[PDB]
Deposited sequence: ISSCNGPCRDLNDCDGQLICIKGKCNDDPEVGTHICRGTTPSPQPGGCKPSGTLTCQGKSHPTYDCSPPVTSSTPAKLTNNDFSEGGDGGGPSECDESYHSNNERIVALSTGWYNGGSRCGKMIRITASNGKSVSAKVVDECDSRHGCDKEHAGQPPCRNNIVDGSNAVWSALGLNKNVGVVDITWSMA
């Protein structure tokens, strides 16, 4: 249902790193961020699905190596804050899902939480601030159906 996003810090539904601002999309204001929550040994996050390939929705090549990737690679993009100007590029993280399954994946790109809602991004909103955007291989390795679109995970460097 419709609830407050705790990363945004609204409290409109109460009792019933902060956003940098907003970008307005399909009549909806999306928060922008230059930051993400603290990276820990067990960093809570949302896993979404991204097409990293030449024939895909992901826009340009991946930031880290300026290349496209097969979606059978275990690879992720990270929200701007976590991407941190490329400091985690080429490194492995370990993702753990709610079913207790785990997978390692290589950071190859940024899930950009500063920009969006325009022609360069196809009218897609800016990324949220707590996102690990994984390939199909990441999803199937955790035993998850990418059709649910988003799941809770934790991650850390590996």
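Unmodelled regions (deposited sequence positions with no C-alpha coordinates, counted from 1) are 1-23, 40-47.
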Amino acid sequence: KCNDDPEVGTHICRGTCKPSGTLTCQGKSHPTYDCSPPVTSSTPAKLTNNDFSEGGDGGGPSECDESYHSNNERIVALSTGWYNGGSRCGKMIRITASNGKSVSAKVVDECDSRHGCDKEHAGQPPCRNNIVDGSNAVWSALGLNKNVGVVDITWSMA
From here on, numbers count along this sequence of modelled residues.
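The PDB entry reports B-factors from which the mean C-alpha value can be compared for 147-155 and 3-11; the larger average falls on 3-11. With 115-123 and 39-47 compared on mean CA B-factor from the PDB entry, the stretch scoring higher is 115-123. Across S70, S104, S62, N99, the entry's maximum B-factor at the CA atom is seen for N99. Annotation for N130, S53, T32, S29: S29 ranks highest, by Cα B-factor. Annotation for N136: C-alpha temperature factor in the lowest third relative to the rest of the modelled chain, per the entry.
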